[PDB]
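Student: Going line by line, the protein sequences match chains a, H, I, t, j, X and c.
Just so we're aligned: 160 in the deposited numbering is position 159 of the first sequence, and the numbers increase by one with no gaps anywhere.
Just so we're aligned: 8 in the deposited numbering is position 6 of the second sequence, and the numbers increase by one with no gaps anywhere.
Just so we're aligned: 33 in the deposited numbering is position 33 of the third sequence, and the numbers increase by one with no gaps anywhere.
Just so we're aligned: 15 in the deposited numbering is position 14 of the fourth sequence, and the numbers increase by one with no gaps anywhere.
Just so we're aligned: 102 in the deposited numbering is position 42 of the fifth sequence, and the numbers increase by one with no gaps anywhere.
Just so we're aligned: 146 in the deposited numbering is position 145 of the sixth sequence, and the numbers increase by one with no gaps anywhere.
Just so we're aligned: 122 in the deposited numbering is position 119 of the seventh sequence, and the numbers increase by one with no gaps anywhere.
Here it is: the structure, laid out below.
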Amino acid sequence: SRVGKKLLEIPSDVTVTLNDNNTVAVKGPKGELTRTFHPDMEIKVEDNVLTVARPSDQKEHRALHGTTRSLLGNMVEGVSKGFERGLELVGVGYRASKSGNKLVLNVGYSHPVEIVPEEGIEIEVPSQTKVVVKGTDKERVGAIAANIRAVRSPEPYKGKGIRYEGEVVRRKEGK
Amino acid sequence: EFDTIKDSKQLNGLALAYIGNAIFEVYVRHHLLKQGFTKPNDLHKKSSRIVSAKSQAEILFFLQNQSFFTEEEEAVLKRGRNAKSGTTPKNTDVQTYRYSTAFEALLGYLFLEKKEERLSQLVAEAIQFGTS
Amino acid sequence: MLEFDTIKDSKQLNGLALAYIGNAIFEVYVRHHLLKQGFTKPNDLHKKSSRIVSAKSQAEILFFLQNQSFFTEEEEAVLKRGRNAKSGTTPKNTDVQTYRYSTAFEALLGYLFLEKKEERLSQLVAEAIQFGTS
Amino acid sequence: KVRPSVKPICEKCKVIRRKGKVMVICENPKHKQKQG
Amino acid sequence: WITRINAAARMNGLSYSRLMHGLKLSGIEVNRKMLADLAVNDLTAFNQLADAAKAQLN
Amino acid sequence: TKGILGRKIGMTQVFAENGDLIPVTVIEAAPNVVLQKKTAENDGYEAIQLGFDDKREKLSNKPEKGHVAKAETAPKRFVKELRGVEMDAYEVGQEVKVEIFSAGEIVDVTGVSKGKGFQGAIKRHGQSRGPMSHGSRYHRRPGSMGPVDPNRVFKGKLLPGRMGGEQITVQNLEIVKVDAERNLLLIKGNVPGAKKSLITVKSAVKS
Amino acid sequence: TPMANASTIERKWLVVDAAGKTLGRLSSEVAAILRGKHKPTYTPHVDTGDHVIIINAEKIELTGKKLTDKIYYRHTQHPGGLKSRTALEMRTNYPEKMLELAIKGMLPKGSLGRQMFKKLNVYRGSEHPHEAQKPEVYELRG
RNA sequence: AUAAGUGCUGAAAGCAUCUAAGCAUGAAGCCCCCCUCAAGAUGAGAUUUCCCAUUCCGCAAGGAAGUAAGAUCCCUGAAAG
Ligand SMILES: [Mg+2]
Ligand SMILES: [Mg+2]
Ligand SMILES: [Mg+2]
Ligand SMILES: [Mg+2]
Ligand SMILES: [Mg+2]
Ligand SMILES: [Mg+2]
Ligand SMILES: [Zn+2]
Numbered sequence: 002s003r004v005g006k007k008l009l010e011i012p013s014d015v016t017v018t019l020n021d022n023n024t025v026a027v028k029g030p031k032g033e034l035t036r037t038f039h040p041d042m043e044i045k046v047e048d049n050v051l052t053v054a055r056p057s058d059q060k061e062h063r064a065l066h067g068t069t070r071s072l073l074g075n076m077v078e079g080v081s082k083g084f085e086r087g088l089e090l091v092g093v094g095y096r097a098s099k100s101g102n103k104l105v106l107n108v109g110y111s112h113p114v115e116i117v118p119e120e121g122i123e124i125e126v127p128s129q130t131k132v133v134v135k136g137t138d139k140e141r142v143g144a145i146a147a148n149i150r151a152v153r154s155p156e157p158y159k160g161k162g163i164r165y166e167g168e169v170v171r172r173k174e175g176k
Numbered sequence: 003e004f005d006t007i008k009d010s011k012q013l014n015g016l017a018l019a020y021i022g023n024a025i026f027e028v029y030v031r032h033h034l035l036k037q038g039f040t041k042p043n044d045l046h047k048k049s050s051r052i053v054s055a056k057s058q059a060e061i062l063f064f065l066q067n068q069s070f071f072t073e074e075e076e077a078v079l080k081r082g083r084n085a086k087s088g089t090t091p092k093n094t095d096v097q098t099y100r101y102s103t104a105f106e107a108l109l110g111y112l113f114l115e116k117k118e119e120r121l122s123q124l125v126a127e128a129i130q131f132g133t134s
Numbered sequence: 001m002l003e004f005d006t007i008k009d010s011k012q013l014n015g016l017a018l019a020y021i022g023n024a025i026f027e028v029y030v031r032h033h034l035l036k037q038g039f040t041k042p043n044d045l046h047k048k049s050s051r052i053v054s055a056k057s058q059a060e061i062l063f064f065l066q067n068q069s070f071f072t073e074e075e076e077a078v079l080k081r082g083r084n085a086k087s088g089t090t091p092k093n094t095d096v097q098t099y100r101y102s103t104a105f106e107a108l109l110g111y112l113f114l115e116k117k118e119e120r121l122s123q124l125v126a127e128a129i130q131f132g133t134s
Numbered sequence: 002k003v004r005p006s007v008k009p010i011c012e013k014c015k016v017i018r019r020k021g022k023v024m025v026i027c028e029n030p031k032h033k034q035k036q037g
Numbered sequence: 061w062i063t064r065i066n067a068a069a070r071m072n073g074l075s076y077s078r079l080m081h082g083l084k085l086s087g088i089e090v091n092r093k094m095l096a097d098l099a100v101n102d103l104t105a106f107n108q109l110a111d112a113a114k115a116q117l118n
Numbered sequence: 002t003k004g005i006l007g008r009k010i011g012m013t014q015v016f017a018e019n020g021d022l023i024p025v026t027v028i029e030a031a032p033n034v035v036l037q038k039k040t041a042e043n044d045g046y047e048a049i050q051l052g053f054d055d056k057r058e059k060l061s062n063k064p065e066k067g068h069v070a071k072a073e074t075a076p077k078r079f080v081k082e083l084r085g086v087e088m089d090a091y092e093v094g095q096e097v098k099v100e101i102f103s104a105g106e107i108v109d110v111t112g113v114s115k116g117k118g119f120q121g122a123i124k125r126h127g128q129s130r131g132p133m134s135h136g137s138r139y140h141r142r143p144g145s146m147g148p149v150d151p152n153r154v155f156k157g158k159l160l161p162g163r164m165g166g167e168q169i170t171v172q173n174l175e176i177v178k179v180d181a182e183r184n185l186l187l188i189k190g191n192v193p194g195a196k197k198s199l200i201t202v203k204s205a206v207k208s
Numbered sequence: 004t005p006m007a008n009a010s011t012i013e014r015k016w017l018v019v020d021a022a023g024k025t026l027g028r029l030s031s032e033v034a035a036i037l038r039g040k041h042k043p044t045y046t047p048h049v050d051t052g053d054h055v056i057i058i059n060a061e062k063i064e065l066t067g068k069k070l071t072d073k074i075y076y077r078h079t080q081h082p083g084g085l086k087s088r089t090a091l092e093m094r095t096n097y098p099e100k101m102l103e104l105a106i107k108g109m110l111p112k113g114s115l116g117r118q119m120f121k122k123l124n125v126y127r128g129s130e131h132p133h134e135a136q137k138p139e140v141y142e143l144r145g
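This is the structure in C-alpha cells:
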C-alpha cells in the first residue's frame, strides 16, 4: 500500500494551525512545534482528520507525499506525549551522575567528560548506571542520545561503554 | 539676547516659517554634530533626510496624534495652513507643503516668544522620532 | 541665544564642520535682523538676504574686518583653518579664492559659537550685518 | 572492502545506493563493501 | 550593413531573418542592404518598409 | 593593549635575586603625546597617534607645526600609530608614560634591522660553497639556475643584492625592571636595530 | 558613403536588476548593451555603447550543482602558486567580482574592449549612488 | 567550511535504509588567526595640516612673468651606501 494515504486524528488540546506557504504549527499540552513543508505539496486538515493531497504522479511527489505525513504524525505524537530513549551503561565501574543541568560521565578516560544539552530538552538520571533523555520532538532526542553514545562506543570483546536501551552487540573471544 | 519684535502675532504671512526653517536647521545640525560625524557628505545627507518637506510633514502628523500641544498652538498651526503663497517644488505635491509650512511657522512662533522650554522639547521629540 | 550644551572635542573639528554650523548661525542672525528691521514680504526678505549670504559679500566683510585690526591670535588660527580646508565644488559664478575666504568667515563664526563665546560672536555679527547692509 | 564488482555473499546482504554509488550493507561487517 | 539593419529592425518588433523574408515576399522590394541600411539615416521611411514587410508575415 | 616608543641605547647585564646572569637591553623613553584619534565614523578602523622625541623649531616646517599645534606641544620627530587599543583612556594632549609596564610582563619589539650593504649569496641566503681544492673553480657562487625545459628562470630564485634594512618583530620578550624616574625599560634579550634608533614596544599579541 | 558616426554620439544610463536571474544569461545581454549592438548607428571602432548599472548582485543564481562544482582558478607567477575558489564562497564574499569576471569574458580583447568595460557599474544591494545621470530602467528581452 | 568515515529523523518500496526532502559531526589538508611587501589597485583610495585678496598680453579659451608653502644645487658627515 502506502503510508501517505492513512488518516490522523487530532486530540482535544492538540490544536493545529494552517498558514500561508504551508508552514503548519501545533499548540499542545507540552509545547509548540513549527515545521515548514515543501511549497508545492498541499496540506489539508479536517477536525480529527488529516489529508495530504498530492499533485500529478512523479518520482519525488510519491516521496514527499509520505514524508510530510510521517512528519506530521511524529509532530502530533510528540506534542501529545513526547518521545524518550534510555541509555544502558554496563561498564566495570563506568558511572554517570548529575550536575546542575548538564551531564558528566566517568568512563575509563583520565578526565571527566562533560555533556550539556541545548534548550527544550532535559537529561534525567534515575540511577548512577543509566541515562534517559526526554524531549518533545523526535530528532532532538535522537541526536542527543547519539552524541551521548558517541563518547564511548561499546567494545565488542566485552560489553564496555554506552549502548542503547535494548540492543545486541556481537562478541568475539580474546586470549 | 535677541531683542524682542514689536509683536509676534501680526506676522500673518510666512515669516514665522522663514525663521523656523533656520531654527530647525541649527538644531538638527548641532544634534548630528553631537552624534559624532564630521564628514560633510553624510552630514548633509542625514540633514536633508530630516529636514525634507515630507519628513517635517510626517513628524507634524505624528505629533498631532499625541495632543502634545495647546490651544494657541492649534491657532498658529491654522494661521500657517491658511497661507496661500508661491509655487510648490516640482518634486512634491501641493498638500504636504502646507503641513511643512505649518510646522515651520509653529517653530518660528515658539522661537520668537522666548519660550525655549517648549521649543527645545519640541525639537528634541521631533528629531528623536525622525531618527527612527 | 539658544540653550545648547558642549560637545566633546570641539577644538578638533576640521575646517568644514565649523563652517557647516556657522552658515546656519549666520542665516539665523541675518534673518532675525531683516525681520526686526520691518518686513513681511518673503520675496523681499529673500532678495535681501541673498545680498549678505553670498560668497562675495562674505569675502568682502571678511577683508573689511581683517583690514581693521579686529581679530586676535586664535581667531586668526581659525581663519587659516577655514581658508586652508580644501573640498567642495566651486559655484559656477564665483572665483575660487573668494570662496575659500568666505568659508574662512563661516568657520570663524561656527568656532566662536561652539565655545559659548556668546557676546563676542554677537558683536562680531552685529558689525558684519551693519557693514553688509551699508 | 572497495572493489569494482559488488554483489551479496550471504542471503541477507542488501544493496542500496548513496550519493550515486553502489553499496552492499549487511549485519556481519565482514560482508560490507562498496563499489568504486 | 547587416548589423545596422538588424539593430534598426528590432525597435519595430521584427528581426533581420524575418524582415528580409517579408521584404522578399511583399512584392519584390529590391532595395539593397546598402540602401535599406542608409535609409536608417531617417527612420520614417524604414518604418514604412518594415510595416509592408510585417503585413505579409501573417 | 598598550605600547610606547623609545630609543635603543645598548646592551648590558643584571643579576637577578637568584644570583644568575641575564642579558638585558636598555631602552630610554619620554612622555609620548597623543596627537590624533582615528574613529570608525571618520575612518575604517580604530587607532591613536603617538609622538616622541621633540625637535627644535628650526627643523620643523609649517605643515608639521600646524599639525602638532592642535595638542599644544612641541614638534615631535617620530610619529607612529598604535591601532589595536581601547580608545576611551586617551585624549589629545594627554601623555603616555613608561609606567604602564609592570615587571615580569611579556611584550613585542618592532624595529628596523641594521644594514649590511650589497651581499652575495653565501652570506645573504646562507648557502653552501663548492670545494677549495682538488682542481675546482667553484666556490661562493649561487648555483644552478634551474631546469632547461621552462626556457626561463622561475620567479623566486635567490641572488645577490642589498641585505638588511627591513622591519622585524621579535615576540615574547620580558620586562626585567622599570625605572620610573629615568624613563628606562630593561628588556631581556636583544632587539633589532642599530644604536640610537626608533623602537616600538607593544603588548603581546599571542596569548 | 554610409554614415560613420564618430564623436557625435550621446549615451544614456540604464539600470538592470539581478534578483532571480541566471548568470551567463544576464551577462550576455549586458555584454552587448555595453558593446553598442542595439543602436542603428553602430560603428565598429568608436564604442557607441552606453553605461549599465547592476543591483542585487548577490541574488544571482546557478542551475544544477554549480554552487559547489564551479571553480574559479587564478595563477600567480610563482611555481606551485595556483589558487582556487568555488562558486559559493565567491557569491557570498565577492559577488560583484563574480559578475565582473562573467561579463569580462564576453567582450572584445583589444584596447577598446577594455575601455568598454569601464562603463559597467556592479553593486551589491538595492541603492546606487548614480542618481544624477537619470538612469532609466531596462527589463530583459529574454 | 570540508575529505574518507560515524550519523539522527525519513519516504520511493505499509517493513528496512545516511538521502531523495531536512538536521549534524568529522583531519598535520582549504580560508582566516602569525610575519613581511604593498593605491602605476591607470578601479591611481582615506585622514590631518600649510599656501592663496599678484602683473602683462589675449574679445575668450589660453599663453607668459615674478613668486607663496615646499624642494633642490653646494658644503660638513654616517645608524646609510
Ligand atoms: Mg517652507
Ligand atoms: Mg560655505
Ligand atoms: Mg657541506
Ligand atoms: Mg615559453
Ligand atoms: Mg577579433
Ligand atoms: Mg660617531
Ligand atoms: Zn552478509
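Think of the CB as a built atom: it goes at the ideal place given N, C-alpha and C, for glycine as much as any other residue.
1. So which residues of chain c does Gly157 (chain X) contact, with C-beta pairs closer than 8 Å?
2. Is the CB-CB distance between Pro127 (chain a) and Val133 (chain a) below 9 Å?
3. Within the same chain, show all residues whose beta-carbon is closer than 8 Å to that of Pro161 (chain X), passing over the 5 residues directly before and after it, in chain order.
4. Run the CB neighbour count on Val96 (chain H), radius 10 Å, all protein chains shown included, and call it buried at 16 or more, exposed below.
5. Do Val27 (chain a) and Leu19 (chain a) have their CB atoms nearer than 9 Å?
6. Beta carbon of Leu79 (chain I), beta carbon of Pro42 (chain H): below 9 Å?
7. Let me make sure I understand the geometry here. Which of H:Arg83, H:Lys86, H:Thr72 and H:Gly38 has the alpha-carbon closest to that of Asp9 (chain I)?
8. Quick check on the burial criterion: 16 or more other C-beta atoms within 10 angstroms. Buried or exposed for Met76 (chain a)?
9. Check the Cβ-Cβ distances between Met109 (chain c) and every residue of chain j, and say whether any is below 9 Å.
10. So, using beta-carbon positions, are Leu112 (chain I) and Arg120 (chain I) closer together than 9 Å?
11. Does the distance from the C-beta atom of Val55 (chain c) to that of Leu17 (chain c) stay below 9 Å?
12. Please classify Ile5 (chain X): does DSSP put it in a helix, a strand, or coil?
13. Using a Cβ-Cβ cut-off of less than 7 Å, list which residues of the stretch 27-48 of chain H approach chain X; keep chain order.
14. Taking a contact to mean a Cβ-Cβ separation below 9 Å, would you say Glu106 (chain X) touches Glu182 (chain X) in this structure?
15. If you measure beta-carbon to beta-carbon, which residues of the stretch 62-75 of chain X are closer than 7 Å to chain I?
16. Please return the same chain residues whose Cβ sits closer than 6 Å to the Cβ of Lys3 (chain X), not counting the five positions on each side in sequence.
17. Helix, strand or coil: which one does DSSP assign to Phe131 (chain I)?
18. Please look up how many angstroms separate the CB atoms of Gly160 (chain a) and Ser81 (chain a), rounded, as I've assumed it's under 8 Å.
19. For the stretch 184-191 of chain X and the stretch 97-108 of chain c, state whether three or more C-beta atom pairs, one from each stretch, are separated by less than 8 Å.
20. If we define contact as Cβ-Cβ less than 9 Å, is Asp5 (chain H) a contact residue for chain I?
21. Starting from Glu42 (chain X), find everything on chain H with Cβ-Cβ shorter than 7 Å and list it in chain order.
22. Any heavy atom of ligand 5 inside 8 Å of the beta-carbon of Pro111 (chain c)?
23. Rounded C-beta distance between residue 135 (chain I) and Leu34 (chain I)? I'm assuming under 8 Å.
24. Okay, do the stretch 134-145 of chain c and the stretch 66-81 of chain c touch, 3+ Cβ pairs below 8 Å being the bar?
25. For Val100 (chain j) and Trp61 (chain j), what's the separation of their Cα atoms in angstroms?
26. Unbroken alpha helix (DSSP H) runs of length 4 or more, entirely within the stretch 75-113 of chain a: which are they?
27. So is the beta-carbon of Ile17 (chain t) under 8 Å away from any non-hydrogen atom of ligand 7?
28. Looking only at its own chain, which residues have a Cβ that is under 7 Å from the Cβ of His62 (chain a), when we skip the five neighbours before and after it?
29. Under 8 Å by Cβ, that's how I've got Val53 (chain a) and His66 (chain a) pegged, so tell me the actual separation to the nearest angstrom.
30. Assuming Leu8 (chain a) is part of the beta strand (DSSP E), what are its boundary residues?
31. Report the three-state DSSP secondary structure of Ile26 (chain t) (helix, strand or coil).
32. Considering just the uninterrupted stretch of the alpha helix (DSSP H) at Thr71 (chain c), what are its terminal residues?
33. Cβ closer than 8 Å: which chain j residues qualify as neighbours of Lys42 (chain c)?
34. For the beta strand (DSSP E) that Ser87 (chain c) lies in, which residues bound it at each end?
Tutor: In short, the structure shows the following:
1. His81 and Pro82
2. yes
3. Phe119, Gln120, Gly121, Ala122, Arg125 and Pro143
4. exposed
5. no
6. no
7. H:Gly38
8. buried
9. no
10. yes
11. yes
12. strand
13. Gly38, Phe39, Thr40 and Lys41
14. no
15. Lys71
16. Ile101 and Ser204
17. helix
18. Actually they do not touch by this definition, with Cβ atoms about 35 Å apart.
19. no
20. yes
21. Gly38 and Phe39
22. yes
23. Outside the displayed span of chain I (1 to 134) sits residue 135 (chain I), for which this structure offers no information.
24. no
25. 10 Å
26. none
27. no
28. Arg55 and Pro56
29. 6 Å
30. Careful: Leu8 (chain a) lies outside any beta strand (DSSP E) and carries neither H nor E.
31. strand
32. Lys69 to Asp72
33. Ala67
34. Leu85 to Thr89
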